[PDB]
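Going by the order they are written in, the chains are A, B, C, D, E, F, G, H, I and J; count residues from 1 in each one.
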């Protein structure tokens, strides 16, 4: 079986498990994305933010 | 194979026939045959048979409309009802372990129906359906008419309720009709795949109701004559018959043989019906799609015999005459011993096949059981076929060509002949 | 009736994902507190606002207690001054427009809270104004109290050129040039007028990536559904 | 019990027979709903913190942006949402003009009402924060009514509740601004109630009862996608260019003593401001500005082609895009000061607008028929 | 000459690209609705299909191959003779009411 | 009005296919791009001239507004 | 004398073979009449695009006389002796059979061997059956049942041989020459790809020696890579919607991919199909019917007739239902039907299974009542299953089917599967495919 | 201490358009200065210049800061 | 005849995995469904993320502003 | 209904259609 084919019969077939998947997956996704793109932005604007220049004034 | 059994037989004190082949099939098949067809409908309570037929499984004394329908379906049984112009045949089927439940529901339906005003009124418009579904076949028209043209009192009556009466049948008329015609002297209990002790035991206990024919039929005064329903179908159907003789006389057999001489039906798929005398006679002046076959009706009271024509629009005049001529030149006596010997095989085999499956068998056992006294094994029938001489056949054809005529036609009847033009 | 439009000075925060430079905000703040807090009100900012932006809580509170602000009324029903605290909004140069004008030859120095968004060009203008002062060309005289600035409209501003080299000295010890001051105070004024600015642009990134992800996925579903109709085949078969 | 009976009133959202071939121009009504609901939702949350008094009205909005949690996103979604509404509106009305949908007279005329209602709402909305353009926008726009002879001068004062746009006005404008949306949402349901009598038009202009499809699942998913795009367009403005469609003067609190230099109604009104300024006469201007919007109600009586849609109508097709381009021109001309050459470009664009609609577009349709032997 | 312009316009309008006859595009309306009712089985059934195919095309956003386009020369005015009557009968109905 | 009651259609056959049995984005660029280009070709001369005309009038009236705002020209004029 | 025991007393069908291939098959009862006939693996699935509709042509010609019996002799010899001669073609099978008297069995068996082997195929007769069949195709054109079922096939098995009708496209009928038919015949009527079945009054070995007498002389073996193999036919989730409004009633057929003659599921699927059952307006039951679809249909007149089916072929089938109904009742009829499928898949009550089991039990016993039935069972059982199967085995297999099975089995073939849909008539209401497809899954 | 600005202006007003404008400034500036009671200035020209200069100034001033 | 009616050929539009008209679809359906139902499930997740975020913002709108928290201390 | 290959007892039941023999 393919990944798609296993994914179908293990998680998408029963509408119960389908929903649970979306939930689990969305919790997992949320953190990954948030922290990923937070990181991309923080790099894109490296040096400039109060979290980068915090240490100096403590 | 297993070991063939005697179709047992009894006739209780009050004239009630009982019969039971125990052929150890997995299935059990039980009929209760009753003399209550169209013939016993008077000139007022018409259709009451027809409604009564549909009315199986309306609430009864011991079982509700629900319990009946769902109870049988719970074991996958079946409660059929089969009417002739003479006999009603309430017939059950099921596995041989359920026989008593199906027997039970059968007796309630026959001995103990309530016919509740609000159920019977609700059932009425089914007549409209069941009738229209059946008059799809243009034959039904023609045959219904034919009896109404031929006979008057009893057998002129249709199997399907007349128009005006649809709705008008009262629950009193059912009570009345059942009470008067569901009686021990008019009933035969037939069993296939069941032992004789239990069929008796139940018959004694729960079918012993008033055994006094509450009405009797008439003697079927044959009239004769013609009914013609002009209606523009592509084809034209028309039947022409004459007073034949009743079933149970050796004169019936001669007409049966006379039938398979003339026309029986297809025996070989897609053939040209080479042997069929009628088809072949009318095969030759007329070059078109057409059909003809030998009509042979035979009841206890009387009988019909002649032919049925499904011709073209304008070929009606030709086909009906051409076919008539062919029967005439049999009455005049052109019948080789080969032709009687072929027909005797057709019939001998045709009968033997028609009781092969349990379905036909039970209908013949119950047919004999009511029509006259006890079972007449196949050998005697096959023998009686042989018994018919080659004179009796030509005398049957002589009785037709000379006899009083009944014609029933429907189609576009512009080029259709009348009995006096024939 | 002629007007000179600003140029496009490229700030560290110009590009669509580029954040403000909090060090330069920090410096800019001092430029306000030292150079302009004596004529320009910044009515909608308070010391707490600075915390976590360009100052610590302690630094900010120390910045607060640096000022005497009025409070009251007390038990006797009388108003009294007290040292500032985090929740105090930057103190006001005057009591009212009439006072502010009467002190400056009739002209009222506008509030700087929203000045960056209240003017076309924004910091590219304010910068250009602050540094762009120059001499009246042959033909142009001016009233007393008016100075010629070509970036201002009507070229006759009532603001004395407010920054020259080393008008103050910064905490971190950057070269306190004129153009290096204007840059920092403009970077600050931007934050003053738009505190959301860094966060907004970060959300913007998340929105872009998210639409990135969804907008094809949905289009896909739409297409999956409509396939049935887009693919179909018709056939007219009349008889005779 | 189950309430199972009037979900079966979504026989006009699910099993509704729709045409197979409506293009993305039919996506716009839905969006206008999203716009309306969005605006309402954000408006309510803004109303939780705003105050209609002149002393605090500016101060409130700032407090919303600065100190109220995420108040700034809400405030800008609201203000840019107002623009997205009007974009969606002008697309939506265009569709109707091109494809001749104005034949659905009721639905159309109810439309022309809705439009006015939304203009009226948004006009008051922009007064609420009490910035310089908020005030002078109202003073200058409203005053137009006193052009109306005899009564107008009294009528204007009644509107205002005084002798000037004042605290007395700002409060009621807030009040009305809050209410109208709902009257709009009611009328909208009627607007649909009439449409569903006939079902939608399509781009051909040819009765599509021969080829219909269930609204669901087809046009639901089409519309979800469509909304997602609008949400993109909105969020780009809100998160990247939040003041792009705004005037900066409105970031300085209103002052009835010092008039701004270039006073101008917000962008979606500029086309009519131009038409108004074309005409030298005061009343003439007002009547012109009125006609400039209400002529939408005349349109159905000016139809002439025996074909419904412009799809199969070349001449008309051009004149249409000429109209759109002229609107774009008038919109530009309305944004500029009233100096050469803008006043003459103004004139001609204005005369061109009305000439197109009343004279040329109906003629195009007539000729068009003569060329097909109609 | 006019007949050159007519020919041009016909092909510019470009209903033909969808295999539609002129009288398939006519604006539905009481008279038209009536004329159409009077049409015979074949002429009606045809129009139904021409339109059923034209809509399907419009949905897919495509047109017919150059060859299957409706051709000016061959373009039947099938609805014309029927409608003219429907109209005249109504003009008579109005005249009489005057 | 709903399915069953819309209108009378005779002698038409529709063949269709499961979304699961078929491709979502068939011949997307293969047959898309040319179809798009034909479509753009179809309409372009009806749509674009009005906007081109806008572009001309825009830049003209703008740079022309800028002339009239500028200055005067004989090199002597405000005196003599 | 129980049901369990009654299955013991059933004659174990006896089967022999020949060196030349022909399997011989017979079940003995003491019946005075009997049925005997030839069963063959041939038809429109083995046919192909150019020769389609030939098996029907041969079946037509086969009774128009052999070489040893010219003209209408073959006909008259059978007619006159009393017996009956019939034949039929399907997509995967062909049978020619005779009902006769026991005594005639020897004479009967002879004629069959002549029909199969020594067929005339008169060139004058070919053009006679050419006009016949062309008119037999116009007949079917007005029999919505037959039309819809052929459409269902066409769009269920599109692009493969099964998609083909048994009767063949009206073109082929008009352009098939002797060359094609003779070839078909000699290439497909081979002795190992055939069975000789009979039942009634006869002893197995009387048949076998008649088979050696008349069927040893048949093509006894085959050549190497000419006797064909069957390609698996792809099932395609699709729809075919013949919208014809002038017809009084709409016929629809919907089905998902069936398992195939082979698979043991075909019992639990028959049990399941028995639960949903079947109906028409002339049934007595009305509202009191056990099948909720039937009772709903009856009280509300959703339809005037509906029947579930399991059409089986070699390595696939059609497992679905068919209904005839009013132009406005289609959606509802569909909704209830799919409802029932999903109800079975996700919850199948215990007793309602026990109802199905018994209905099926009843069905097969009361189906095999006669000779013509049992001869036909034997004739195909060998051509498909490889053997014949005792009612006592069918019983065992049925008795193992319970709730959990019926569900797993129905869930297996129905739940979330693309169905194939044929609709003929005033079907403007017939739901959209995208809608119907969502009717195949759950938790709405 | 010296300002990065006061260098970048010097270096920017080398370029051809600045000197060309500065020329026109002098040139009409003369004309305006040397007469009696004419009413113009060369403000326009000043701005013409300043624009040309400051476009440049802005293009690099910020590297020093 | 109605048997002239042959279904047209969809091989232009089909999925690769179901092109061979002599190969059973039953293998690939497993993965075909999975693949399409995946798109849906992702789209749902993204939307859930998106929704969770706009809601909670609008909610947080009503908790004490920094203005009111200033004095809380 | 069809045509072209042509060469009483009523019956009704509870599970069968009605047949006309």
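Going forward, contacts are C-beta pairs under 8 Å (C-beta built on N, C-alpha and C of every residue); 3 or more make two chains touch, one makes a residue touch a chain.
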Mean of the CA atoms for each chain, then the mean for all of them together: which chain is nearest? I
With chain centres defined as mean CA positions, report which chain is farthest from chain G. H
Approximately how many whole Å separate the CA-defined centres of chain G and chain I? 42
Centroid distance [mean C-alpha coordinates] between chain J and chain A, Å: 71
Any idea how many Å lie between the Cα centroids of chain B and chain F? 81
Residues of chain H that touch at least two other chains are 40, 44
Could you pull out the residues of chain J that touch at least 2 other chains? 1, 3-4, 12-15, 17-18
Touching two or more other chains, which residues of chain D qualify? 20, 66, 73, 210, 213-214, 217-218, 314
Which part of chain H faces chain F closely enough to touch in the complex? 28, 31, 35-40, 44
The answer for chain D against chain C in the complex is residues 20, 62, 65-66, 72-73, 213, 217-218, 221-222, 224-225, 228-229, 232, 235-236, 239-240, 242-243, 248-249, 251-252
For the complex, which residues does chain G have touching chain A? 415-416, 441-443
Would you pull the chain I residues touching chain F in the complex into a rising list? 5, 7-8, 10, 12-15, 18, 25, 29, 32-33, 36
Inside the complex, what are the residues of chain J that reach chain G? 1-4, 12-15, 17-18
